[PDB]
Amino acid sequence: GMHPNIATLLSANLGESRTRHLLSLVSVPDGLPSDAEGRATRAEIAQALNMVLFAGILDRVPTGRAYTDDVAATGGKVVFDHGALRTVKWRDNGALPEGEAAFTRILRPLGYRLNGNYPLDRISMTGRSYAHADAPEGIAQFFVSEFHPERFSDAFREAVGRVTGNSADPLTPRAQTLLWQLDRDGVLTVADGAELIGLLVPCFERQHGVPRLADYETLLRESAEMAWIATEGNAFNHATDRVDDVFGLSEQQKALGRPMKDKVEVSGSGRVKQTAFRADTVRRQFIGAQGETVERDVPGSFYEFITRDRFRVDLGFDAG
């Protein structure tokens, strides 16, 4: 249960102390490809990036931090199952590629492949899952959703463009340089891999500026999901922890007085079962009617649990 390459990649991004905690908390899958010269493989880099991003979720999802503090305290483990993020599929997106392209251009050269297509018509989104080709069951998946403004009001679609139309592109030239070297060789030096992770982490964040309170509210009247995107951008919506039994765990967490949701979502097949803590509220800035900065408390992100039956493990996100 030690992984020197992953530990080094983590340490360069998180520092020793935070890395120590993270390595004792989050399982590293066994069997990741290694390089004979001690370089960092794409699998190692992908796993380390995921762990850095997970640590970033914990920093802003206090209910998750509570849960995982107990895990560390009692010697258990987190199995990082997947992070889910949202994107806006709309041409007025500033410098940011539209919808999921903002992230597939990153995940694909890291070694991910499309693993599932999940229409979410009720909420005007399309979801897609990405699994890592080198360890599809062990490395966390990415669930990337795209929001679709087309069917909404005129006012709403104008609001979308004002919010997103100034977005930055966080994927720098150096980031792209290292990404495509990695895709070519399957490895980078450990230093270059650590550097790549550092450059990729800021992509999983809000790329647009502070939105107008009025536009936030216009969005919120028609779509909770697009309102959330307006405040959080491409930051992880949730992280998910793969556990033996979500039913037992939910009951335990509720008995401790923690805010579990009541619904356990079960796929049609019965093999994939999900439940979560409610999202922790976060304080965010908005532009007021006279151009002033005002603040509001809005829903942030959440920590989720999943159980996946084995046939190999069912990696789907099927509807039910």
# chains A, B, ... in the order shown; residues from 1 in each chain; ligands from 1
>>> closest_atom_pairs(of="region 32-77 of chain A", to="region 184-194 of chain A", cutoff="8 Å", atoms="only C-alpha atoms", output="JSON lines")
{"residue": "A:35", "atom": "CA", "partner": "A:187", "partner_atom": "CA", "distance": 7.5}
{"residue": "A:38", "atom": "CA", "partner": "A:190", "partner_atom": "CA", "distance": 7.7}
{"residue": "A:39", "atom": "CA", "partner": "A:189", "partner_atom": "CA", "distance": 4.7}
{"residue": "A:40", "atom": "CA", "partner": "A:190", "partner_atom": "CA", "distance": 5.0}
{"residue": "A:41", "atom": "CA", "partner": "A:187", "partner_atom": "CA", "distance": 4.2}
{"residue": "A:42", "atom": "CA", "partner": "A:186", "partner_atom": "CA", "distance": 5.5}
{"residue": "A:45", "atom": "CA", "partner": "A:193", "partner_atom": "CA", "distance": 6.2}
>>> select_by_dssp(residues="region 85-278 of chain A", states="strand (DSSP E or B)", output="ChimeraX atom specification")
/A:85-88,112-120,125-132,141-147,187-188,212,238-242,260,265-266,272-277
>>> select_by_dssp(residues="region 131-180 of chain A", states="helix (DSSP H, G or I)", output="number ranges by chain")
A: 154-164, 173-180
>>> residues_around(residues="residue 129 (chain A)", least_positions_apart="2", cutoff="7 Å", atoms="only C-alpha atoms", output="number ranges by chain")
A: 114-117, 127, 131, 141-144
>>> residues_around(residues="residue 15 (chain A)", least_positions_apart="6", cutoff="12 Å", atoms="only C-alpha atoms", output="count of residues only")
8
>>> closest_residue(among="A:27, A:307, A:301, A:293", to="residue 270 (chain A)", atoms="only C-alpha atoms")
A:307
>>> closest_residue(among="A:178, A:168, A:110, A:203", to="residue 236 (chain A)", atoms="only C-alpha atoms")
A:203
>>> residues_around(residues="residue 99 (chain A)", least_positions_apart="4", cutoff="7 Å", atoms="only C-alpha atoms", output="list in words")
residues 87, 88, 89, 90 and 146 of chain A
>>> write_last_selection(atoms="C-alpha atoms", output="short mmCIF file (atom, residue, chain, number, x, y, z; two decimals), in the first residue's frame")
data_model
loop_
_atom_site.label_atom_id
_atom_site.label_comp_id
_atom_site.auth_asym_id
_atom_site.auth_seq_id
_atom_site.Cartn_x
_atom_site.Cartn_y
_atom_site.Cartn_z
CA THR A 87 -20.20 22.30 -19.03
CA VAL A 88 -22.32 24.62 -21.21
CA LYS A 89 -22.94 23.61 -24.85
CA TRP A 90 -23.44 27.05 -26.33
CA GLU A 146 -23.42 19.36 -21.07
#
>>> closest_atom_pairs(of="region 70-136 of chain A", to="region 210-225 of chain A", cutoff="9 Å", atoms="only C-alpha atoms", output="CSV")
residue,atom,partner,partner_atom,distance
A:86,CA,A:225,CA,8.9
A:123,CA,A:225,CA,7.3
A:124,CA,A:223,CA,8.5
A:125,CA,A:225,CA,8.8
>>> write_last_selection(atoms="N, CA and C atoms", output="PDB file, in the first residue's frame")
ATOM      1  N   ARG A  86     -19.801  19.769 -14.967  1.00  0.00           N
ATOM      2  CA  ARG A  86     -20.768  20.295 -15.895  1.00  0.00           C
ATOM      3  C   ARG A  86     -20.081  21.294 -16.808  1.00  0.00           C
ATOM      4  N   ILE A 123     -33.653  17.499 -17.391  1.00  0.00           N
ATOM      5  CA  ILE A 123     -32.961  18.665 -16.912  1.00  0.00           C
ATOM      6  C   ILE A 123     -32.194  19.381 -18.038  1.00  0.00           C
ATOM      7  N   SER A 124     -32.514  19.060 -19.290  1.00  0.00           N
ATOM      8  CA  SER A 124     -31.871  19.671 -20.458  1.00  0.00           C
ATOM      9  C   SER A 124     -30.351  19.511 -20.494  1.00  0.00           C
ATOM     10  N   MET A 125     -29.897  18.325 -20.115  1.00  0.00           N
ATOM     11  CA  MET A 125     -28.475  17.985 -20.214  1.00  0.00           C
ATOM     12  C   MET A 125     -28.232  16.624 -20.875  1.00  0.00           C
TER      13      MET A 125
END
>>> residues_around(residues="residue 264 (chain A)", least_positions_apart="6", cutoff="10 Å", atoms="only C-alpha atoms", output="PyMOL selection string")
chain A and resi 246-247+250+273-276+305-306
>>> closest_residue(among="A:243, A:235, A:313, A:78", to="residue 271 (chain A)", atoms="only C-alpha atoms")
A:313
>>> closest_residue(among="A:296, A:122, A:162, A:151", to="residue 284 (chain A)", atoms="only C-alpha atoms")
A:296
>>> closest_residue(among="A:268, A:94, A:62, A:109", to="residue 177 (chain A)", atoms="only C-alpha atoms")
A:109
>>> residues_around(residues="residue 282 (chain A)", least_positions_apart="6", cutoff="8 Å", atoms="only C-alpha atoms", output="list in words")
residues 297, 298, 299 and 300 of chain A
>>> write_last_selection(atoms="C-alpha atoms", output="PDB file, in the first residue's frame")
ATOM      1  CA  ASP A 297     -25.297  31.700  -0.248  1.00  0.00           C
ATOM      2  CA  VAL A 298     -25.941  29.152  -2.982  1.00  0.00           C
ATOM      3  CA  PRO A 299     -25.692  25.351  -3.330  1.00  0.00           C
ATOM      4  CA  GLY A 300     -22.150  24.128  -3.749  1.00  0.00           C
TER       5      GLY A 300
END
>>> atom_distance(atom1="CA of residue 2 (chain A)", atom2="CA of residue 244 (chain A)")
22.8 Å
>>> closest_atom_pairs(of="region 83-120 of chain A", to="region 180-183 of chain A", cutoff="12 Å", atoms="only C-alpha atoms", output="Markdown table")
| residue | atom | partner | partner_atom | distance |
| --- | --- | --- | --- | --- |
| A:105 | CA | A:180 | CA | 10.0 |
| A:106 | CA | A:180 | CA | 9.4 |
| A:107 | CA | A:183 | CA | 10.4 |
| A:108 | CA | A:183 | CA | 8.4 |
| A:109 | CA | A:183 | CA | 4.9 |
| A:110 | CA | A:183 | CA | 6.6 |
| A:111 | CA | A:183 | CA | 7.4 |
| A:112 | CA | A:183 | CA | 10.7 |
>>> closest_residue(among="A:228, A:303, A:103, A:80", to="residue 60 (chain A)", atoms="only C-alpha atoms")
A:303
>>> atom_distance(atom1="CA of residue 156 (chain A)", atom2="CA of residue 279 (chain A)")
24.6 Å
